[PDB]
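Accompanying notes for the structure given below.
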Amino acid sequence: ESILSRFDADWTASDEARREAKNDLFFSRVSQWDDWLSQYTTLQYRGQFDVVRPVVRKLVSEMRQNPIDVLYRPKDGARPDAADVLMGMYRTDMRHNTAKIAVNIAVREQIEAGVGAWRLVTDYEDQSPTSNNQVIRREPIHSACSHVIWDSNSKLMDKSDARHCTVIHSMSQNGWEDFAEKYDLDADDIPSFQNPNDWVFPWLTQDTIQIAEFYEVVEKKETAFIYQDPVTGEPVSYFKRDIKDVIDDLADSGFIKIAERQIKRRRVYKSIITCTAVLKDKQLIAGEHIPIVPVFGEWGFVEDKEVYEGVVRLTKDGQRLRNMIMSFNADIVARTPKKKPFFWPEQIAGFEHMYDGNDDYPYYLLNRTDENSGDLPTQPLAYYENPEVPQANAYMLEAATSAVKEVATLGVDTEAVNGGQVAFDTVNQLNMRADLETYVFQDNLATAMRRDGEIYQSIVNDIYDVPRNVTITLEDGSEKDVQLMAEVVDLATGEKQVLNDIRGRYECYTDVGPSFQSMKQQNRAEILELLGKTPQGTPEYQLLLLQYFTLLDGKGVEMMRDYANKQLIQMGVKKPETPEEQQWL
Amino acid sequence: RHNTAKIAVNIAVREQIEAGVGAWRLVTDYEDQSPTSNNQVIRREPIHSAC
Amino acid sequence: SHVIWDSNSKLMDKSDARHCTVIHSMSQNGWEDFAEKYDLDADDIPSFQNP
Amino acid sequence: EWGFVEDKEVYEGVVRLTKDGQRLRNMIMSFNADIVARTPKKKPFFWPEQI
Amino acid sequence: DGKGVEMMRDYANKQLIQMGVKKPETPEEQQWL
């Protein structure tokens, strides 16, 4: 079977473990806790000098300067149905605390540390009583760095990859939690793992031993519309194709274009196929959309080795001098053979009374007479203990300063229009990602069995098809003005329950560019160094009245356009949601 | 209909020294996605450095 | 100090069972606790959290 | 785009200047870091009879 | 809500108008019909 190896696809990092596969934390862990791997005759005090994170988390303030807040892109695209009140259903992104920090916690994947296992509100259908069309958005996680590695293409969101490779509610004893609340197995799985123990045992907890699973393999539906080989019995009639250009029309020999197909067919799938594995029937829902998956930082790789570049590169090197003034003091005060007076300790032989401070000052037992020394003075004034006293301290901190400020530099800017834009900030333009893309491109999951009065009330559409005349109500009575009444018009009703492709919709997405919000931010006027906008003109009075009505997010805003009916009706710019109007005078 | 095309200059286009240059790809003609009206295009990665 | 949370957490819509640990501590003359409700022999004597 | 002299197609980046000045900082730490073990805070002598 | 203020609450009623359109945040009012 050609599937003989999926073994070496994903976790192949276990094959490269000889040297580099442990360095994922070598870009991170060297800051916190232990640092020096080289042994080499050094003493204990360590770990309290680190000084890394300030530049790391100072980037949190540098994440979002541009507001990065717009959505739904108004324009004239399509048939007049749902677009008047703009969003009529979901404000729900601004509803919940975690949802408006969802973008803010989403900007925290771009530098930080490794990305871990993923979970949403324990999967699906747990909360939000609703029309099933959508629920809010996915929730990111914390920590879980060094456990797994993902290699297929694994750069940016332009890729189509095997759907939902693995998704884990990870490492808690209650952590199995509700994923077994569909149907309970033993509730326990127990794969047996391994690490470089290295026969050491300062540490105890060995437990990983949890669930890792698969979704679907190879291919799902190909479009590949085929009308061909009708004669001869359709031998090997299935085929695939790239370009449609020059074939033109063969129809002289055949029929015309009416067909339907079977998109539901068995195809052989062996997934992980662990030797001892089990049946695992029916985990999936109607194909389509499961917005679980993130995007990663963008860099080119020299080898199959992962490429990632952090700040630590310099901070792990040029900071040795900062502790050299420490590197000396520790052991020079740890040895300390109690520096002693000399040349009149010839009676130094041990006493008791002397150590107390002896407020009687003269010790007054001494002698000058010595065994023959010849002629000259002898001077034991020389070096015995001297401190560090390095002479270069002046310019060192300026060199290392220039280095650290070489690293800490991002987008040096002054004021006004210069802007705070950085590539790390540009990946926040795409941080909408999974949630919207999946149900805007693929819309099936829905309640939405309704048409023409749920199409069993369709009797309401019977009007004039009968030969004789029922129509044309008598003139302009107050009898019936009421809404939802049939007179003449026929309806095409609404779209069929979404088949995942029709355009004129896709009316709603983000406009990236100037930060201008829904109502009148930059388009109205502007923020940068200026004053006194309103110019001179007669109609610019009323056209200035049109300017500042602004927000629909308020309370009495519905009075706004309801104020437009006055002798001010002369304008004629009034086109609100109002059903009828044509009111007074 | 997407900003991802504007961002995708990424590490490729800006870089003539640290690694290989960028690239660009238009739509390979007549992918069956969205065959309705005038203009339909999206984009892909510019080619990897490869020294 | 010595209170530690192991159940599950992180979603305030209450996905899972929470309030895993709720205790009031350092009550000696604070005997008002739950003696306005039910107190008879106070026979509990558990073992918790003490290092 | 850059105009060139001879034969093969080569135009480097704008910055070749990183080599020279940046070698010598590693030299500064090198001449010491080699001799740091060779000046390890050692003993005075010879009136001491410690031996 | 102030000390002696009817005015910062809606006092409008008729004010300067022609007829018929207020429909306020406050009750029916409409002194003379």
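Residues in the structure tokens are named by chain (A, B, ... in the order shown) and by number from 1 within that chain; ligands are numbered from 1 in the order shown.
Counting only C-alpha atoms, every residue of chain B that comes within 9 Å of chain D is listed here: residues 16, 17 and 18 of chain B.
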Take the residues from that selection and write them out as a PDB file, in the first residue's frame, keeping N, CA, C and O atoms.
```
ATOM      1  N   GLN B  16      16.480  41.648  -0.948  1.00  0.00           N
ATOM      2  CA  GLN B  16      17.408  41.333  -2.028  1.00  0.00           C
ATOM      3  C   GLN B  16      18.777  40.876  -1.538  1.00  0.00           C
ATOM      4  O   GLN B  16      19.630  40.533  -2.362  1.00  0.00           O
ATOM      5  N   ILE B  17      19.010  40.864  -0.226  1.00  0.00           N
ATOM      6  CA  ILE B  17      20.338  40.606   0.327  1.00  0.00           C
ATOM      7  C   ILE B  17      20.290  39.484   1.357  1.00  0.00           C
ATOM      8  O   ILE B  17      20.943  38.448   1.186  1.00  0.00           O
ATOM      9  N   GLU B  18      19.537  39.686   2.440  1.00  0.00           N
ATOM     10  CA  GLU B  18      19.489  38.698   3.508  1.00  0.00           C
ATOM     11  C   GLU B  18      19.108  37.323   2.968  1.00  0.00           C
ATOM     12  O   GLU B  18      19.589  36.302   3.472  1.00  0.00           O
TER      13      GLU B  18
END
```
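Every chain A residue lying within 8 Å of chain C, based on only C-alpha atoms, is listed here: residues 98, 121, 122, 126, 127, 172, 173, 174 and 175 of chain A.
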Output for the residues just chosen: N, CA, C and O atoms as an mmCIF file, in the first residue's frame:
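Listing of result-v4.cif after writing:
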```cif
data_model
loop_
_atom_site.group_PDB
_atom_site.id
_atom_site.type_symbol
_atom_site.label_atom_id
_atom_site.label_comp_id
_atom_site.auth_asym_id
_atom_site.auth_seq_id
_atom_site.Cartn_x
_atom_site.Cartn_y
_atom_site.Cartn_z
ATOM 1 N N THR A 98 -13.918 37.894 26.369
ATOM 2 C CA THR A 98 -12.877 37.158 25.675
ATOM 3 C C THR A 98 -12.898 37.421 24.176
ATOM 4 O O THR A 98 -11.896 37.168 23.504
ATOM 5 N N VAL A 121 -14.004 26.337 23.800
ATOM 6 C CA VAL A 121 -15.206 26.263 24.632
ATOM 7 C C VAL A 121 -15.644 24.807 24.729
ATOM 8 O O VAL A 121 -16.840 24.494 24.745
ATOM 9 N N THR A 122 -14.664 23.915 24.809
ATOM 10 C CA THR A 122 -14.852 22.485 24.606
ATOM 11 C C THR A 122 -15.677 22.204 23.344
ATOM 12 O O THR A 122 -16.835 21.785 23.383
ATOM 13 N N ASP A 126 -21.743 23.760 22.781
ATOM 14 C CA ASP A 126 -21.819 23.843 24.237
ATOM 15 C C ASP A 126 -22.619 25.046 24.721
ATOM 16 O O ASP A 126 -23.272 24.960 25.766
ATOM 17 N N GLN A 127 -22.587 26.164 23.998
ATOM 18 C CA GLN A 127 -23.143 27.409 24.513
ATOM 19 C C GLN A 127 -23.896 28.114 23.390
ATOM 20 O O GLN A 127 -24.087 27.568 22.299
ATOM 21 N N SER A 172 -4.514 17.929 31.310
ATOM 22 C CA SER A 172 -5.144 18.075 32.608
ATOM 23 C C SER A 172 -5.798 16.738 32.915
ATOM 24 O O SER A 172 -6.287 16.057 32.008
ATOM 25 N N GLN A 173 -5.801 16.349 34.190
ATOM 26 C CA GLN A 173 -6.423 15.077 34.545
ATOM 27 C C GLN A 173 -7.929 15.123 34.326
ATOM 28 O O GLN A 173 -8.532 14.127 33.909
ATOM 29 N N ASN A 174 -8.551 16.262 34.603
ATOM 30 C CA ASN A 174 -9.901 16.535 34.134
ATOM 31 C C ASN A 174 -9.922 16.905 32.655
ATOM 32 O O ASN A 174 -11.002 17.112 32.090
ATOM 33 N N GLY A 175 -8.746 16.981 32.024
ATOM 34 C CA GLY A 175 -8.626 17.548 30.692
ATOM 35 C C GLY A 175 -9.302 16.746 29.599
ATOM 36 O O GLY A 175 -9.730 17.317 28.592
#
```
Fill in: segment 5-13 of chain E environment, 8 Å, only C-alpha atoms, sequence neighbours closer than 4 positions dropped, as a PyMOL selection string
chain E and resi 1+22+24-26+29-31
Discussion item. From the options A:242, A:375, A:413, A:452, which residue's atoms come nearest to chain B, counting only C-alpha atoms?
Written reply: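 Of A:242, A:375, A:413, A:452, the one nearest chain B is A:242, counting only C-alpha atoms.
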Proximal residues of chain E relative to chain A (only C-alpha atoms; 12 Å) as a PDB file with N, CA, C and O atoms, in the first residue's frame:
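Saved the output as out-v1.pdb:
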```
ATOM      1  N   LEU E  16     -41.523  75.289  19.735  1.00  0.00           N
ATOM      2  CA  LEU E  16     -41.772  76.039  18.513  1.00  0.00           C
ATOM      3  C   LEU E  16     -41.856  75.021  17.382  1.00  0.00           C
ATOM      4  O   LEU E  16     -40.837  74.452  16.976  1.00  0.00           O
ATOM      5  N   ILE E  17     -43.065  74.799  16.874  1.00  0.00           N
ATOM      6  CA  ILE E  17     -43.315  73.774  15.866  1.00  0.00           C
ATOM      7  C   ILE E  17     -44.482  74.216  15.000  1.00  0.00           C
ATOM      8  O   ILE E  17     -44.925  75.368  15.070  1.00  0.00           O
ATOM      9  N   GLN E  18     -44.982  73.300  14.170  1.00  0.00           N
ATOM     10  CA  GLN E  18     -46.300  73.472  13.579  1.00  0.00           C
ATOM     11  C   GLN E  18     -47.282  72.551  14.291  1.00  0.00           C
ATOM     12  O   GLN E  18     -48.041  73.002  15.156  1.00  0.00           O
ATOM     13  N   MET E  19     -47.277  71.262  13.950  1.00  0.00           N
ATOM     14  CA  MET E  19     -48.124  70.310  14.653  1.00  0.00           C
ATOM     15  C   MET E  19     -47.602  68.886  14.487  1.00  0.00           C
ATOM     16  O   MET E  19     -47.031  68.533  13.452  1.00  0.00           O
ATOM     17  N   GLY E  20     -47.806  68.080  15.531  1.00  0.00           N
ATOM     18  CA  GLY E  20     -48.008  66.652  15.401  1.00  0.00           C
ATOM     19  C   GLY E  20     -46.810  65.760  15.661  1.00  0.00           C
ATOM     20  O   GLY E  20     -47.010  64.597  16.030  1.00  0.00           O
ATOM     21  N   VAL E  21     -45.580  66.245  15.497  1.00  0.00           N
ATOM     22  CA  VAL E  21     -44.405  65.374  15.550  1.00  0.00           C
ATOM     23  C   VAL E  21     -43.542  65.762  16.743  1.00  0.00           C
ATOM     24  O   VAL E  21     -42.874  66.804  16.724  1.00  0.00           O
ATOM     25  N   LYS E  22     -43.552  64.920  17.777  1.00  0.00           N
ATOM     26  CA  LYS E  22     -42.486  64.890  18.772  1.00  0.00           C
ATOM     27  C   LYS E  22     -42.082  63.445  19.036  1.00  0.00           C
ATOM     28  O   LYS E  22     -40.962  63.032  18.720  1.00  0.00           O
ATOM     29  N   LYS E  23     -43.004  62.674  19.621  1.00  0.00           N
ATOM     30  CA  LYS E  23     -42.813  61.260  19.925  1.00  0.00           C
ATOM     31  C   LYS E  23     -41.573  61.095  20.796  1.00  0.00           C
ATOM     32  O   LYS E  23     -40.550  60.564  20.347  1.00  0.00           O
ATOM     33  N   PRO E  24     -41.641  61.538  22.052  1.00  0.00           N
ATOM     34  CA  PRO E  24     -40.436  61.653  22.879  1.00  0.00           C
ATOM     35  C   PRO E  24     -40.068  60.410  23.667  1.00  0.00           C
ATOM     36  O   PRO E  24     -40.691  59.352  23.549  1.00  0.00           O
ATOM     37  N   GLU E  25     -39.040  60.569  24.495  1.00  0.00           N
ATOM     38  CA  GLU E  25     -38.688  59.621  25.540  1.00  0.00           C
ATOM     39  C   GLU E  25     -39.615  59.722  26.747  1.00  0.00           C
ATOM     40  O   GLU E  25     -39.484  58.920  27.676  1.00  0.00           O
TER      41      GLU E  25
END
```
Item to complete: Would you please extract all helix (DSSP H, G or I) residues from chain D, as assigned by DSSP on the backbone, and give them as a PyMOL selection string?
Response: chain D and resi 18-38
File dump, residues just selected, C-alpha atoms, as a JSON list (two decimals), in the first residue's frame:
```
[["chain", "number", "residue", "atom", "x", "y", "z"],
["D", 18, "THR", "CA", 29.42, 44.61, 8.47],
["D", 19, "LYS", "CA", 32.63, 42.55, 8.47],
["D", 20, "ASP", "CA", 35.49, 44.83, 9.41],
["D", 21, "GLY", "CA", 34.35, 46.80, 12.45],
["D", 22, "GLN", "CA", 32.36, 43.95, 13.95],
["D", 23, "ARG", "CA", 35.24, 41.46, 13.89],
["D", 24, "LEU", "CA", 37.12, 43.53, 16.43],
["D", 25, "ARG", "CA", 34.53, 43.50, 19.23],
["D", 26, "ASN", "CA", 34.75, 39.71, 19.21],
["D", 27, "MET", "CA", 38.49, 40.33, 19.26],
["D", 28, "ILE", "CA", 38.09, 42.51, 22.37],
["D", 29, "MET", "CA", 36.24, 39.75, 24.20],
["D", 30, "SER", "CA", 38.58, 37.15, 22.67],
["D", 31, "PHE", "CA", 41.97, 38.39, 23.90],
["D", 32, "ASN", "CA", 40.55, 38.37, 27.44],
["D", 33, "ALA", "CA", 38.22, 35.36, 27.31],
["D", 34, "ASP", "CA", 41.27, 33.32, 26.28],
["D", 35, "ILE", "CA", 43.40, 34.74, 29.10],
["D", 36, "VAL", "CA", 40.66, 34.92, 31.77],
["D", 37, "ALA", "CA", 41.70, 31.44, 32.90],
["D", 38, "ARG", "CA", 45.33, 32.60, 32.66]]
```
Practice prompt. Excluding segment 479-486 of chain A and residues on its chain fewer than 6 positions from it, collect all residues at most 9 Å away from it, counting only C-alpha atoms, and give them as a ChimeraX atom specification.
Written response: /A:460-463,579
Produce a file of the selected residues containing N, CA and C atoms, as a PDB file, in the first residue's frame.
```
ATOM      1  N   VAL A 460     -50.324  31.795   0.164  1.00  0.00           N
ATOM      2  CA  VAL A 460     -50.378  33.250   0.210  1.00  0.00           C
ATOM      3  C   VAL A 460     -49.998  33.899  -1.116  1.00  0.00           C
ATOM      4  N   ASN A 461     -49.424  33.139  -2.048  1.00  0.00           N
ATOM      5  CA  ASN A 461     -48.978  33.665  -3.333  1.00  0.00           C
ATOM      6  C   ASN A 461     -50.019  33.537  -4.438  1.00  0.00           C
ATOM      7  N   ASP A 462     -51.204  33.006  -4.146  1.00  0.00           N
ATOM      8  CA  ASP A 462     -52.230  32.836  -5.171  1.00  0.00           C
ATOM      9  C   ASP A 462     -52.910  34.176  -5.407  1.00  0.00           C
ATOM     10  N   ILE A 463     -52.726  34.753  -6.600  1.00  0.00           N
ATOM     11  CA  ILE A 463     -53.329  36.054  -6.874  1.00  0.00           C
ATOM     12  C   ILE A 463     -54.136  36.072  -8.169  1.00  0.00           C
ATOM     13  N   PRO A 579     -41.029  52.484   6.459  1.00  0.00           N
ATOM     14  CA  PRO A 579     -41.781  51.719   5.451  1.00  0.00           C
ATOM     15  C   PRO A 579     -42.619  52.566   4.502  1.00  0.00           C
TER      16      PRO A 579
END
```
Discussion item. Should the cut-off be 12 Å, what would the residue list for chain A against chain B look like, counting only C-alpha atoms, as a ChimeraX atom specification?
Written reply: /A:72-73,77,153-160,222-225,241-245,295,297-304,422-433,437,440-441,500-513
Based on the selection just made, write C-alpha atoms of those residues as a CSV table (one decimal), in the first residue's frame.
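The new file selection_25.csv reads:
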```csv
chain,number,residue,atom,x,y,z
A,72,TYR,CA,-18.3,44.6,6.7
A,73,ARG,CA,-17.2,46.9,3.8
A,77,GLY,CA,-23.3,44.9,-4.8
A,153,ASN,CA,4.1,23.7,4.4
A,154,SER,CA,3.4,25.7,7.6
A,155,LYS,CA,4.1,29.3,6.7
A,156,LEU,CA,1.1,31.5,6.1
A,157,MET,CA,-2.7,31.2,5.5
A,158,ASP,CA,-2.6,30.8,1.7
A,159,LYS,CA,-2.4,27.0,2.0
A,160,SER,CA,-5.0,24.2,1.7
A,222,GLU,CA,-13.3,17.0,-6.8
A,223,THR,CA,-15.5,19.0,-9.1
A,224,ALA,CA,-14.4,17.5,-12.4
A,225,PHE,CA,-17.7,17.7,-14.2
A,241,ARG,CA,-8.6,17.9,-16.4
A,242,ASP,CA,-6.8,21.3,-16.0
A,243,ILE,CA,-7.7,23.8,-18.7
A,244,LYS,CA,-10.9,24.3,-20.8
A,245,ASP,CA,-10.1,26.0,-24.1
A,295,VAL,CA,-1.0,31.4,11.2
A,297,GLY,CA,5.6,34.1,11.5
A,298,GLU,CA,7.2,34.3,8.1
A,299,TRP,CA,10.9,33.5,7.5
A,300,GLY,CA,12.9,31.5,5.0
A,301,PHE,CA,14.8,28.3,6.1
A,302,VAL,CA,18.3,27.2,5.2
A,303,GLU,CA,17.6,23.5,6.0
A,304,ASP,CA,14.6,21.4,6.9
A,422,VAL,CA,5.7,47.4,11.2
A,423,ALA,CA,5.4,44.0,9.6
A,424,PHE,CA,4.7,42.4,13.0
A,425,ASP,CA,1.9,44.9,13.1
A,426,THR,CA,0.8,44.0,9.5
A,427,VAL,CA,0.1,40.4,10.5
A,428,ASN,CA,-2.6,41.9,12.7
A,429,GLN,CA,-4.4,42.8,9.5
A,430,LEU,CA,-4.9,39.1,8.7
A,431,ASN,CA,-5.6,38.0,12.4
A,432,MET,CA,-9.3,37.8,11.6
A,433,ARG,CA,-8.4,34.5,9.8
A,437,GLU,CA,-13.1,32.8,6.3
A,440,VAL,CA,-18.0,33.2,4.4
A,441,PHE,CA,-16.4,30.8,1.9
A,500,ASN,CA,-21.5,27.4,-0.7
A,501,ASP,CA,-21.1,29.4,-4.0
A,502,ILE,CA,-23.1,32.3,-5.2
A,503,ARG,CA,-21.8,35.9,-5.5
A,504,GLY,CA,-23.2,39.3,-5.2
A,505,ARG,CA,-22.9,38.4,-1.5
A,506,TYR,CA,-19.6,38.4,0.3
A,507,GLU,CA,-20.7,42.0,1.1
A,508,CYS,CA,-19.0,41.9,4.4
A,509,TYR,CA,-15.3,41.9,5.1
A,510,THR,CA,-12.5,44.2,6.4
A,511,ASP,CA,-11.2,47.2,4.5
A,512,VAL,CA,-7.4,47.5,5.3
A,513,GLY,CA,-5.9,50.9,4.8
```
Worksheet item: What's the 10 Å shell around residue 151 of chain A, counting only C-alpha atoms, without same-chain residues fewer than 6 positions away, as a ChimeraX atom specification?
Response: /A:9-13,304,306
Discussion item. What are the residues of chain D lining chain A at 8 Å or less? Count only C-alpha atoms, and put the answer as a ChimeraX atom specification.
Written reply: /D:43-44,47
Selected residues written out with N, CA and C atoms, as a tab-separated table (two decimals), in the first residue's frame:
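Saved result, selection-v9.tsv, follows:
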```tsv
chain	number	residue	atom	x	y	z
D	43	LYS	N	48.05	34.09	43.85
D	43	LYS	CA	48.73	34.15	45.13
D	43	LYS	C	49.91	35.13	45.11
D	44	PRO	N	50.10	35.87	46.21
D	44	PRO	CA	51.37	36.56	46.46
D	44	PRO	C	52.32	35.67	47.25
D	47	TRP	N	57.47	35.72	51.61
D	47	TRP	CA	57.50	35.83	53.06
D	47	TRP	C	56.48	34.89	53.70
```
Worksheet item: Near residue 410 of chain A, counting only C-alpha atoms, which residues have an atom at most 12 Å away, once you skip same-chain residues fewer than 3 positions from it, shown as a PyMOL selection string?
Response: chain A and resi 55-56+58-59+62-63+311+405-407+413+420-425
Give me a file of those residues, with C-alpha atoms, as a PDB file, in the first residue's frame.
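Everything below was put into result.pdb:
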```pdb
ATOM      1  CA  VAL A  55      12.194  44.437  25.455  1.00  0.00           C
ATOM      2  CA  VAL A  56      10.053  41.355  24.754  1.00  0.00           C
ATOM      3  CA  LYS A  58       7.451  46.165  25.633  1.00  0.00           C
ATOM      4  CA  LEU A  59       6.335  44.994  22.174  1.00  0.00           C
ATOM      5  CA  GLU A  62       3.929  48.244  19.928  1.00  0.00           C
ATOM      6  CA  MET A  63       1.530  45.556  18.643  1.00  0.00           C
ATOM      7  CA  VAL A 311      15.580  38.933  20.437  1.00  0.00           C
ATOM      8  CA  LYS A 405      20.013  49.364  21.614  1.00  0.00           C
ATOM      9  CA  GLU A 406      20.865  47.850  18.242  1.00  0.00           C
ATOM     10  CA  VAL A 407      18.547  44.978  19.177  1.00  0.00           C
ATOM     11  CA  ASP A 413      10.046  57.470  14.599  1.00  0.00           C
ATOM     12  CA  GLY A 420       3.784  53.085  13.806  1.00  0.00           C
ATOM     13  CA  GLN A 421       3.437  50.487  11.065  1.00  0.00           C
ATOM     14  CA  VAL A 422       5.670  47.397  11.238  1.00  0.00           C
ATOM     15  CA  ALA A 423       5.412  43.993   9.563  1.00  0.00           C
ATOM     16  CA  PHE A 424       4.747  42.401  12.955  1.00  0.00           C
ATOM     17  CA  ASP A 425       1.882  44.893  13.075  1.00  0.00           C
TER      18      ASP A 425
END
```
Worksheet item: When you draw a straight line from atom CA of residue 25 of chain B to atom CA of residue 9 of chain B, how long is it in Å?
Response: 11.7 Å
